[PDB]
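Q: Below you'll find my_file.cif; it's mmCIF, C-alpha atoms; chains and numbers go by the auth columns.
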data_protein
#
loop_
_atom_site.group_PDB
_atom_site.id
_atom_site.type_symbol
_atom_site.label_atom_id
_atom_site.label_comp_id
_atom_site.label_asym_id
_atom_site.label_seq_id
_atom_site.Cartn_x
_atom_site.Cartn_y
_atom_site.Cartn_z
_atom_site.B_iso_or_equiv
_atom_site.auth_seq_id
_atom_site.auth_asym_id
ATOM 1 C CA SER A 1 -63.677 29.859 162.744 0.00 1 A
ATOM 2 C CA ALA A 2 -63.794 26.424 164.321 0.00 2 A
ATOM 3 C CA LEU A 3 -65.638 25.780 161.029 0.00 3 A
ATOM 4 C CA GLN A 4 -63.112 27.764 159.005 0.00 4 A
ATOM 5 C CA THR A 5 -60.336 25.757 160.711 0.00 5 A
ATOM 6 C CA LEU A 6 -62.023 22.466 159.751 0.00 6 A
ATOM 7 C CA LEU A 7 -62.447 23.472 156.090 0.00 7 A
ATOM 8 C CA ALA A 8 -58.882 24.733 155.857 0.00 8 A
ATOM 9 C CA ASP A 9 -57.712 21.483 157.391 0.00 9 A
ATOM 10 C CA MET A 10 -59.700 19.347 154.907 0.00 10 A
ATOM 11 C CA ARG A 11 -58.603 21.423 151.928 0.00 11 A
ATOM 12 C CA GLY A 12 -55.023 21.217 153.131 0.00 12 A
ATOM 13 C CA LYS A 13 -55.150 17.456 153.337 0.00 13 A
ATOM 14 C CA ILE A 14 -56.840 17.290 149.945 0.00 14 A
ATOM 15 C CA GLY A 15 -54.009 19.320 148.424 0.00 15 A
ATOM 16 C CA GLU A 16 -51.402 17.097 150.107 0.00 16 A
ATOM 17 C CA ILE A 17 -53.047 13.932 148.747 0.00 17 A
ATOM 18 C CA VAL A 18 -53.234 15.493 145.285 0.00 18 A
ATOM 19 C CA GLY A 19 -49.516 16.140 145.529 0.00 19 A
ATOM 20 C CA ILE A 20 -48.462 12.802 147.052 0.00 20 A
ATOM 21 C CA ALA A 21 -50.528 11.032 144.407 0.00 21 A
ATOM 22 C CA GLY A 22 -47.734 12.041 142.074 0.00 22 A
ATOM 23 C CA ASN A 23 -48.008 10.940 138.478 0.00 23 A
ATOM 24 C CA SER A 24 -49.840 7.635 139.052 0.00 24 A
ATOM 25 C CA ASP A 25 -48.712 6.448 135.643 0.00 25 A
ATOM 26 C CA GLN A 26 -45.077 7.192 136.522 0.00 26 A
ATOM 27 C CA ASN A 27 -45.315 5.283 139.788 0.00 27 A
ATOM 28 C CA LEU A 28 -46.734 2.244 137.989 0.00 28 A
ATOM 29 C CA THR A 29 -43.657 2.450 135.784 0.00 29 A
ATOM 30 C CA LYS A 30 -41.116 2.534 138.632 0.00 30 A
ATOM 31 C CA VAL A 31 -42.778 -0.564 140.019 0.00 31 A
ATOM 32 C CA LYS A 32 -42.703 -2.432 136.711 0.00 32 A
ATOM 33 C CA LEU A 33 -39.018 -1.617 136.261 0.00 33 A
ATOM 34 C CA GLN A 34 -38.315 -2.637 139.840 0.00 34 A
ATOM 35 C CA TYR A 35 -39.938 -6.014 139.222 0.00 35 A
ATOM 36 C CA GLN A 36 -38.340 -6.638 135.861 0.00 36 A
ATOM 37 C CA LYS A 37 -34.962 -5.951 137.536 0.00 37 A
ATOM 38 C CA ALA A 38 -35.625 -8.393 140.394 0.00 38 A
ATOM 39 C CA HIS A 39 -36.795 -11.054 137.899 0.00 39 A
ATOM 40 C CA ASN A 40 -33.580 -10.657 135.933 0.00 40 A
ATOM 41 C CA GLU A 41 -31.467 -10.986 139.115 0.00 41 A
ATOM 42 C CA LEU A 42 -33.405 -14.072 139.992 0.00 42 A
ATOM 43 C CA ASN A 43 -32.531 -15.474 136.525 0.00 43 A
ATOM 44 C CA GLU A 44 -28.865 -14.574 136.758 0.00 44 A
ATOM 45 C CA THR A 45 -28.639 -16.158 140.165 0.00 45 A
ATOM 46 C CA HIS A 46 -30.356 -19.314 139.075 0.00 46 A
ATOM 47 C CA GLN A 47 -28.182 -19.448 135.999 0.00 47 A
ATOM 48 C CA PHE A 48 -25.124 -18.885 138.168 0.00 48 A
ATOM 49 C CA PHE A 49 -25.851 -21.880 140.450 0.00 49 A
ATOM 50 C CA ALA A 50 -26.869 -24.082 137.539 0.00 50 A
ATOM 51 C CA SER A 51 -23.561 -23.416 135.788 0.00 51 A
ATOM 52 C CA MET A 52 -21.849 -24.090 139.118 0.00 52 A
ATOM 53 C CA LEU A 53 -23.555 -27.452 139.504 0.00 53 A
ATOM 54 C CA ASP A 54 -22.800 -28.396 135.880 0.00 54 A
ATOM 55 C CA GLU A 55 -19.150 -27.472 136.059 0.00 55 A
ATOM 56 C CA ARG A 56 -18.678 -29.211 139.376 0.00 56 A
ATOM 57 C CA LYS A 57 -20.250 -32.346 137.912 0.00 57 A
ATOM 58 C CA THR A 58 -18.024 -32.517 134.865 0.00 58 A
ATOM 59 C CA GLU A 59 -14.921 -31.961 136.989 0.00 59 A
ATOM 60 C CA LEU A 60 -15.888 -34.891 139.225 0.00 60 A
ATOM 61 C CA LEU A 61 -16.539 -37.082 136.153 0.00 61 A
ATOM 62 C CA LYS A 62 -13.116 -36.088 134.875 0.00 62 A
ATOM 63 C CA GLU A 63 -11.546 -36.916 138.236 0.00 63 A
ATOM 64 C CA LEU A 64 -13.354 -40.200 138.152 0.00 64 A
ATOM 65 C CA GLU A 65 -12.098 -41.131 134.673 0.00 65 A
ATOM 66 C CA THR A 66 -8.557 -40.294 135.803 0.00 66 A
ATOM 67 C CA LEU A 67 -8.676 -42.464 138.914 0.00 67 A
ATOM 68 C CA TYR A 68 -10.295 -45.291 136.962 0.00 68 A
ATOM 69 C CA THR A 69 -7.503 -45.211 134.387 0.00 69 A
ATOM 70 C CA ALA A 70 -4.858 -45.199 137.143 0.00 70 A
ATOM 71 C CA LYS A 71 -6.537 -48.180 138.755 0.00 71 A
ATOM 72 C CA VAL A 72 -6.639 -50.147 135.501 0.00 72 A
ATOM 73 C CA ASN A 73 -2.962 -49.418 134.795 0.00 73 A
ATOM 74 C CA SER A 74 -1.980 -50.203 138.386 0.00 74 A
ATOM 75 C CA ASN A 75 -3.677 -53.613 138.141 0.00 75 A
ATOM 76 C CA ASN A 76 -2.073 -54.424 134.772 0.00 76 A
ATOM 77 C CA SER A 77 1.457 -53.577 135.799 0.00 77 A
ATOM 78 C CA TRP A 78 1.025 -55.575 138.993 0.00 78 A
ATOM 79 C CA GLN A 79 -0.298 -58.526 136.980 0.00 79 A
ATOM 80 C CA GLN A 80 2.583 -58.352 134.521 0.00 80 A
ATOM 81 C CA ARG A 81 5.233 -58.107 137.227 0.00 81 A
ATOM 82 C CA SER A 82 3.687 -61.074 139.060 0.00 82 A
ATOM 83 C CA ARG A 83 3.726 -63.220 135.910 0.00 83 A
ATOM 84 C CA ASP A 84 7.397 -62.303 135.479 0.00 84 A
ATOM 85 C CA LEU A 85 8.229 -63.144 139.118 0.00 85 A
ATOM 86 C CA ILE A 86 6.245 -66.373 139.021 0.00 86 A
ATOM 87 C CA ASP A 87 8.014 -67.541 135.856 0.00 87 A
ATOM 88 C CA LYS A 88 11.413 -66.736 137.418 0.00 88 A
ATOM 89 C CA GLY A 89 10.561 -68.114 140.863 0.00 89 A
ATOM 90 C CA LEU A 90 9.396 -71.419 139.421 0.00 90 A
ATOM 91 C CA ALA A 91 12.329 -71.735 137.076 0.00 91 A
ATOM 92 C CA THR A 92 14.637 -71.011 139.987 0.00 92 A
ATOM 93 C CA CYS A 93 12.911 -73.583 142.202 0.00 93 A
ATOM 94 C CA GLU A 94 13.151 -76.198 139.505 0.00 94 A
ATOM 95 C CA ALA A 95 16.781 -75.406 138.886 0.00 95 A
ATOM 96 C CA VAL A 96 17.477 -75.815 142.616 0.00 96 A
ATOM 97 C CA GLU A 97 15.465 -78.984 143.057 0.00 97 A
ATOM 98 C CA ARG A 98 17.363 -80.745 140.247 0.00 98 A
ATOM 99 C CA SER A 99 20.837 -79.339 140.975 0.00 99 A
ATOM 100 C CA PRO A 100 23.665 -81.747 141.861 0.00 100 A
ATOM 101 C CA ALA A 101 25.220 -78.812 143.656 0.00 101 A
ATOM 102 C CA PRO A 102 23.343 -75.464 143.667 0.00 102 A
ATOM 103 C CA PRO A 103 25.778 -72.695 142.577 0.00 103 A
ATOM 104 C CA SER A 104 25.979 -69.678 144.834 0.00 104 A
ATOM 105 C CA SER A 105 24.424 -67.487 142.128 0.00 105 A
ATOM 106 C CA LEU A 106 21.381 -69.750 141.933 0.00 106 A
ATOM 107 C CA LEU A 107 20.993 -69.651 145.710 0.00 107 A
ATOM 108 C CA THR A 108 21.365 -65.874 145.639 0.00 108 A
ATOM 109 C CA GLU A 109 18.728 -65.662 142.924 0.00 109 A
ATOM 110 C CA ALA A 110 16.362 -67.814 144.975 0.00 110 A
ATOM 111 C CA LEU A 111 16.825 -65.466 147.949 0.00 111 A
ATOM 112 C CA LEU A 112 16.242 -62.327 145.885 0.00 112 A
ATOM 113 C CA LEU A 113 13.197 -63.775 144.173 0.00 113 A
ATOM 114 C CA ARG A 114 11.811 -64.898 147.521 0.00 114 A
ATOM 115 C CA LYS A 115 12.083 -61.321 148.767 0.00 115 A
ATOM 116 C CA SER A 116 10.423 -59.949 145.623 0.00 116 A
ATOM 117 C CA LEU A 117 7.524 -62.401 145.868 0.00 117 A
ATOM 118 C CA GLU A 118 6.961 -61.170 149.426 0.00 118 A
ATOM 119 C CA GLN A 119 6.860 -57.520 148.274 0.00 119 A
ATOM 120 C CA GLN A 120 4.630 -58.459 145.390 0.00 120 A
ATOM 121 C CA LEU A 121 2.233 -60.284 147.726 0.00 121 A
ATOM 122 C CA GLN A 122 2.385 -57.382 150.229 0.00 122 A
ATOM 123 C CA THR A 123 1.694 -54.943 147.378 0.00 123 A
ATOM 124 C CA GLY A 124 -1.363 -57.151 146.812 0.00 124 A
ATOM 125 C CA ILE A 125 -3.046 -54.848 149.301 0.00 125 A
ATOM 126 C CA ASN B 1 21.623 -78.140 156.528 0.00 1 B
ATOM 127 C CA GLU B 2 19.695 -79.073 153.390 0.00 2 B
ATOM 128 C CA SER B 3 16.559 -78.387 155.423 0.00 3 B
ATOM 129 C CA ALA B 4 17.158 -74.645 155.165 0.00 4 B
ATOM 130 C CA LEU B 5 16.928 -75.139 151.398 0.00 5 B
ATOM 131 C CA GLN B 6 13.649 -77.092 151.488 0.00 6 B
ATOM 132 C CA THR B 7 12.140 -74.472 153.780 0.00 7 B
ATOM 133 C CA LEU B 8 13.296 -71.808 151.346 0.00 8 B
ATOM 134 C CA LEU B 9 11.841 -73.612 148.351 0.00 9 B
ATOM 135 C CA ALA B 10 8.493 -74.405 149.955 0.00 10 B
ATOM 136 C CA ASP B 11 8.313 -70.832 151.203 0.00 11 B
ATOM 137 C CA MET B 12 8.886 -69.509 147.673 0.00 12 B
ATOM 138 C CA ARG B 13 6.381 -71.971 146.220 0.00 13 B
ATOM 139 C CA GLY B 14 3.878 -70.966 148.903 0.00 14 B
ATOM 140 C CA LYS B 15 4.223 -67.260 148.186 0.00 15 B
ATOM 141 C CA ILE B 16 4.019 -68.029 144.470 0.00 16 B
ATOM 142 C CA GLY B 17 0.838 -69.976 145.114 0.00 17 B
ATOM 143 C CA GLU B 18 -0.626 -67.238 147.306 0.00 18 B
ATOM 144 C CA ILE B 19 0.181 -64.734 144.555 0.00 19 B
ATOM 145 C CA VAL B 20 -1.315 -67.135 141.979 0.00 20 B
ATOM 146 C CA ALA B 21 -4.145 -63.131 142.009 0.00 21 B
ATOM 147 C CA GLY B 22 -6.088 -63.596 138.781 0.00 22 B
ATOM 148 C CA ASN B 23 -8.543 -63.883 137.219 0.00 23 B
ATOM 149 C CA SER B 24 -7.539 -60.350 136.337 0.00 24 B
ATOM 150 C CA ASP B 25 -10.417 -60.228 133.831 0.00 25 B
ATOM 151 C CA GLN B 26 -12.976 -60.783 136.581 0.00 26 B
ATOM 152 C CA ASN B 27 -11.048 -58.173 138.611 0.00 27 B
ATOM 153 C CA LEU B 28 -11.038 -55.746 135.697 0.00 28 B
ATOM 154 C CA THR B 29 -14.781 -56.345 135.572 0.00 29 B
ATOM 155 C CA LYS B 30 -15.248 -55.517 139.250 0.00 30 B
ATOM 156 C CA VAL B 31 -13.394 -52.245 138.638 0.00 31 B
ATOM 157 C CA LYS B 32 -15.416 -51.287 135.540 0.00 32 B
ATOM 158 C CA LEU B 33 -18.750 -51.827 137.321 0.00 33 B
ATOM 159 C CA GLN B 34 -17.636 -49.866 140.370 0.00 34 B
ATOM 160 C CA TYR B 35 -16.646 -46.907 138.138 0.00 35 B
ATOM 161 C CA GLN B 36 -19.844 -47.007 136.093 0.00 36 B
ATOM 162 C CA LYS B 37 -21.884 -47.035 139.284 0.00 37 B
ATOM 163 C CA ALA B 38 -19.987 -44.018 140.585 0.00 38 B
ATOM 164 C CA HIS B 39 -20.385 -42.326 137.180 0.00 39 B
ATOM 165 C CA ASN B 40 -24.140 -42.919 137.068 0.00 40 B
ATOM 166 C CA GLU B 41 -24.543 -41.770 140.705 0.00 41 B
ATOM 167 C CA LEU B 42 -22.801 -38.500 139.829 0.00 42 B
ATOM 168 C CA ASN B 43 -25.289 -37.998 136.991 0.00 43 B
ATOM 169 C CA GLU B 44 -28.398 -38.925 138.985 0.00 44 B
ATOM 170 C CA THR B 45 -27.464 -36.682 141.855 0.00 45 B
ATOM 171 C CA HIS B 46 -26.662 -33.797 139.550 0.00 46 B
ATOM 172 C CA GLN B 47 -29.933 -34.248 137.720 0.00 47 B
ATOM 173 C CA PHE B 48 -31.816 -34.492 140.963 0.00 48 B
ATOM 174 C CA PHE B 49 -30.360 -31.208 142.291 0.00 49 B
ATOM 175 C CA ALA B 50 -30.850 -29.465 138.981 0.00 50 B
ATOM 176 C CA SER B 51 -34.547 -30.255 139.168 0.00 51 B
ATOM 177 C CA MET B 52 -34.579 -29.085 142.807 0.00 52 B
ATOM 178 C CA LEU B 53 -32.937 -25.900 141.652 0.00 53 B
ATOM 179 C CA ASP B 54 -35.607 -25.364 138.987 0.00 54 B
ATOM 180 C CA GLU B 55 -38.345 -25.926 141.564 0.00 55 B
ATOM 181 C CA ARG B 56 -36.785 -23.323 143.806 0.00 56 B
ATOM 182 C CA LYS B 57 -36.591 -20.879 140.963 0.00 57 B
ATOM 183 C CA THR B 58 -40.219 -21.278 140.096 0.00 58 B
ATOM 184 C CA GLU B 59 -41.229 -20.754 143.802 0.00 59 B
ATOM 185 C CA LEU B 60 -39.151 -17.576 144.048 0.00 60 B
ATOM 186 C CA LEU B 61 -40.590 -16.412 140.745 0.00 61 B
ATOM 187 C CA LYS B 62 -44.109 -17.004 142.003 0.00 62 B
ATOM 188 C CA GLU B 63 -43.404 -15.148 145.232 0.00 63 B
ATOM 189 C CA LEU B 64 -42.078 -12.334 143.078 0.00 64 B
ATOM 190 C CA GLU B 65 -45.141 -12.069 140.820 0.00 65 B
ATOM 191 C CA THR B 66 -47.438 -12.133 143.835 0.00 66 B
ATOM 192 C CA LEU B 67 -45.642 -9.269 145.563 0.00 67 B
ATOM 193 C CA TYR B 68 -45.676 -7.374 142.270 0.00 68 B
ATOM 194 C CA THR B 69 -49.377 -7.888 141.665 0.00 69 B
ATOM 195 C CA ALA B 70 -50.173 -6.970 145.260 0.00 70 B
ATOM 196 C CA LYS B 71 -48.200 -3.718 144.997 0.00 71 B
ATOM 197 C CA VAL B 72 -49.741 -2.731 141.655 0.00 72 B
ATOM 198 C CA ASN B 73 -53.197 -3.475 143.082 0.00 73 B
ATOM 199 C CA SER B 74 -52.354 -1.730 146.316 0.00 74 B
ATOM 200 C CA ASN B 75 -51.386 1.409 144.407 0.00 75 B
ATOM 201 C CA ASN B 76 -54.340 1.312 142.007 0.00 76 B
ATOM 202 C CA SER B 77 -56.619 0.951 144.949 0.00 77 B
ATOM 203 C CA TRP B 78 -55.042 3.901 146.791 0.00 78 B
ATOM 204 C CA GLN B 79 -55.162 6.184 143.736 0.00 79 B
ATOM 205 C CA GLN B 80 -58.801 5.469 142.985 0.00 80 B
ATOM 206 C CA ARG B 81 -59.879 5.885 146.621 0.00 81 B
ATOM 207 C CA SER B 82 -57.943 9.166 146.619 0.00 82 B
ATOM 208 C CA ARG B 83 -59.763 10.402 143.480 0.00 83 B
ATOM 209 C CA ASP B 84 -63.066 9.615 145.167 0.00 84 B
ATOM 210 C CA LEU B 85 -62.089 11.226 148.502 0.00 85 B
ATOM 211 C CA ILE B 86 -60.821 14.359 146.785 0.00 86 B
ATOM 212 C CA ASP B 87 -64.063 14.535 144.824 0.00 87 B
ATOM 213 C CA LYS B 88 -66.209 13.971 147.892 0.00 88 B
ATOM 214 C CA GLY B 89 -63.986 16.080 150.151 0.00 89 B
ATOM 215 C CA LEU B 90 -64.196 19.065 147.819 0.00 90 B
ATOM 216 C CA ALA B 91 -67.953 18.865 147.350 0.00 91 B
ATOM 217 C CA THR B 92 -68.498 18.685 151.106 0.00 92 B
ATOM 218 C CA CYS B 93 -66.351 21.753 151.749 0.00 93 B
ATOM 219 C CA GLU B 94 -68.294 23.668 149.065 0.00 94 B
ATOM 220 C CA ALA B 95 -71.615 22.563 150.583 0.00 95 B
ATOM 221 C CA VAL B 96 -70.460 23.613 154.037 0.00 96 B
ATOM 222 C CA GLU B 97 -69.102 27.009 152.931 0.00 97 B
ATOM 223 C CA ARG B 98 -72.248 27.848 150.963 0.00 98 B
ATOM 224 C CA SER B 99 -74.575 26.894 153.752 0.00 99 B
ATOM 225 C CA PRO B 100 -76.175 29.786 155.680 0.00 100 B
ATOM 226 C CA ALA B 101 -76.414 27.260 158.511 0.00 101 B
ATOM 227 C CA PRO B 102 -74.647 23.864 158.063 0.00 102 B
ATOM 228 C CA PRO B 103 -76.787 20.999 159.408 0.00 103 B
ATOM 229 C CA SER B 104 -75.205 18.734 162.029 0.00 104 B
ATOM 230 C CA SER B 105 -75.423 15.796 159.617 0.00 105 B
ATOM 231 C CA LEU B 106 -73.473 17.664 156.968 0.00 106 B
ATOM 232 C CA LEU B 107 -70.905 18.683 159.566 0.00 107 B
ATOM 233 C CA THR B 108 -70.703 15.080 160.809 0.00 108 B
ATOM 234 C CA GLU B 109 -69.970 14.014 157.240 0.00 109 B
ATOM 235 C CA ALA B 110 -67.244 16.683 156.956 0.00 110 B
ATOM 236 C CA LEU B 111 -65.687 15.357 160.189 0.00 111 B
ATOM 237 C CA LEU B 112 -65.864 11.789 158.802 0.00 112 B
ATOM 238 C CA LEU B 113 -64.220 12.770 155.507 0.00 113 B
ATOM 239 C CA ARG B 114 -61.596 14.747 157.327 0.00 114 B
ATOM 240 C CA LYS B 115 -60.675 11.557 159.169 0.00 115 B
ATOM 241 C CA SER B 116 -60.638 9.559 155.916 0.00 116 B
ATOM 242 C CA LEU B 117 -58.409 12.157 154.288 0.00 117 B
ATOM 243 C CA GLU B 118 -56.006 11.891 157.222 0.00 118 B
ATOM 244 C CA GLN B 119 -55.894 8.127 156.840 0.00 119 B
ATOM 245 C CA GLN B 120 -55.446 8.265 153.055 0.00 120 B
ATOM 246 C CA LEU B 121 -52.613 10.751 153.451 0.00 121 B
ATOM 247 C CA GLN B 122 -50.934 8.699 156.195 0.00 122 B
ATOM 248 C CA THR B 123 -50.951 5.438 154.232 0.00 123 B
ATOM 249 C CA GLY B 124 -49.802 7.548 151.289 0.00 124 B
ATOM 250 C CA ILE B 125 -46.559 7.961 153.190 0.00 125 B
ATOM 251 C CA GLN B 126 -44.689 5.094 151.465 0.00 126 B
#
Step by step, read the file and then write its structure as structure tokens.

A:
Amino acid sequence: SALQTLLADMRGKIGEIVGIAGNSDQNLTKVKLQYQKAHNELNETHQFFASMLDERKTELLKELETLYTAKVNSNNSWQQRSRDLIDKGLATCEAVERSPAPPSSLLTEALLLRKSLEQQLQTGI
Amino acid sequence: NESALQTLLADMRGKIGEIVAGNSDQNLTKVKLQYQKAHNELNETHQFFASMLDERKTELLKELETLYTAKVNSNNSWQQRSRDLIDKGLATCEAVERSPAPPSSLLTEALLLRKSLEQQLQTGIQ
């Protein structure tokens, strides 16, 4: 009976193991599918961040082209306005320096041009 | 009061001179090189992180295969040990039950197997 209890115990555990062994082929399948699924998520995730990095890069390149263009245009317009002010400033100086009697319009023009040259030089920042 | 005029003129000529700045071609060149450098830095950095990202993926993938292999091996090992314990466990019970008088060594073996069965069943819980 202590013996019969031992045997019954062993046979009980044997039966339990037999049960909890399940279909061992089926279990190997759940594991394979679990792993294939995790591998795919890993790939999606990697592909997600790679697309992220690509897209972010091309947007910055686009922002960079835009700023560059604005800079080039900003320098050209400044250059052109300066040439126009310099031609007028000089002509106005020469007209004044040779005038028998500087007309009020010429003196006004000198004053306006002087102001504009100051803004143009200040805008040289 | 013709000194106000000369001060005006010199002032204009001074500001004109200060403004006179070019060479705008050299300046355009400075701008082009600064933009190319920033363009190339964007590409290097992107390429550097993309390779870092690949390296990370291959590490995670390796950690994944390893866990997978360990689990498959862990389960194959449990199943096969179970087949052998069931086989041995059954035979021992049959030997014990058929014995007119079970030797102590046989009974010691039964006690040992009983313990092994308990362990196999416990680690068979997930």

Q: Could you please tell me, as a PyMOL selection string, which residues of chain B have an atom within 6 Å of chain A when using only C-alpha atoms?

A: chain B and resi 12+19+86+114+121

Q: Which value, in Å to one decimal, gives the distance between CA of residue 100 (chain A) and CA of residue 84 (chain A)?

A: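 CA of residue 100 (chain A) sits 26.1 Å away from CA of residue 84 (chain A).
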
Q: Rounded to one decimal, what separation in Å do you get between CA of residue 112 (chain B) and CA of residue 93 (chain B)?

A: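 Answer for the CA of residue 112 (chain B) to CA of residue 93 (chain B) separation: 12.2 Å.
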
Q: Write out as a VMD selection string the residues lying within 12 Å of residue 91 (chain B), counting all atoms listed in the file and excluding same-chain residues fewer than 3 positions away.

A: (chain A and resid 7 10 to 11 14) or (chain B and resid 84 to 88 94 to 98 106 109 to 110 113)

Q: Using 3 Å of padding on each side, determine the axis-aligned box around all atoms of region 99-116 of chain A present in the file and give its centre and edge lengths in Å to one decimal, as AutoDock Vina command-line options.

A:
--center_x 18.2 --center_y -70.8 --center_z 144.9 --size_x 21.6 --size_y 27.8 --size_z 13.8

Q: What's the separation between CA of residue 77 (chain A) and CA of residue 119 (chain A), in Å to one decimal place?

A: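 Value for the CA of residue 77 (chain A)-CA of residue 119 (chain A) distance: 14.2 Å.
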
Q: In terms of the shortest atom-to-atom distance over all atoms listed in the file, which of A:55, A:48, A:19, A:1 is closest to residue 125 (chain B)?

A: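 Closest to residue 125 (chain B), using all atoms listed in the file: A:19.
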
Q: Which residues, named as in the file, does the PyMOL selection byres ((chain B and resi 75) around 12) pick out? Answer as an mmCIF file with C-alpha atoms, in the frame of the given file.

A:
data_model
loop_
_atom_site.group_PDB
_atom_site.id
_atom_site.type_symbol
_atom_site.label_atom_id
_atom_site.label_comp_id
_atom_site.auth_asym_id
_atom_site.auth_seq_id
_atom_site.Cartn_x
_atom_site.Cartn_y
_atom_site.Cartn_z
ATOM 1 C CA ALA A 21 -50.528 11.032 144.407
ATOM 2 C CA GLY A 22 -47.734 12.041 142.074
ATOM 3 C CA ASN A 23 -48.008 10.940 138.478
ATOM 4 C CA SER A 24 -49.840 7.635 139.052
ATOM 5 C CA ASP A 25 -48.712 6.448 135.643
ATOM 6 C CA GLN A 26 -45.077 7.192 136.522
ATOM 7 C CA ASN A 27 -45.315 5.283 139.788
ATOM 8 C CA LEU A 28 -46.734 2.244 137.989
ATOM 9 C CA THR A 29 -43.657 2.450 135.784
ATOM 10 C CA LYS A 30 -41.116 2.534 138.632
ATOM 11 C CA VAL A 31 -42.778 -0.564 140.019
ATOM 12 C CA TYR B 68 -45.676 -7.374 142.270
ATOM 13 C CA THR B 69 -49.377 -7.888 141.665
ATOM 14 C CA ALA B 70 -50.173 -6.970 145.260
ATOM 15 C CA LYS B 71 -48.200 -3.718 144.997
ATOM 16 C CA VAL B 72 -49.741 -2.731 141.655
ATOM 17 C CA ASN B 73 -53.197 -3.475 143.082
ATOM 18 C CA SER B 74 -52.354 -1.730 146.316
ATOM 19 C CA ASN B 76 -54.340 1.312 142.007
ATOM 20 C CA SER B 77 -56.619 0.951 144.949
ATOM 21 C CA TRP B 78 -55.042 3.901 146.791
ATOM 22 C CA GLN B 79 -55.162 6.184 143.736
ATOM 23 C CA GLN B 80 -58.801 5.469 142.985
ATOM 24 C CA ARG B 81 -59.879 5.885 146.621
ATOM 25 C CA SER B 82 -57.943 9.166 146.619
ATOM 26 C CA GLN B 120 -55.446 8.265 153.055
ATOM 27 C CA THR B 123 -50.951 5.438 154.232
ATOM 28 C CA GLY B 124 -49.802 7.548 151.289
ATOM 29 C CA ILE B 125 -46.559 7.961 153.190
ATOM 30 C CA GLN B 126 -44.689 5.094 151.465
#
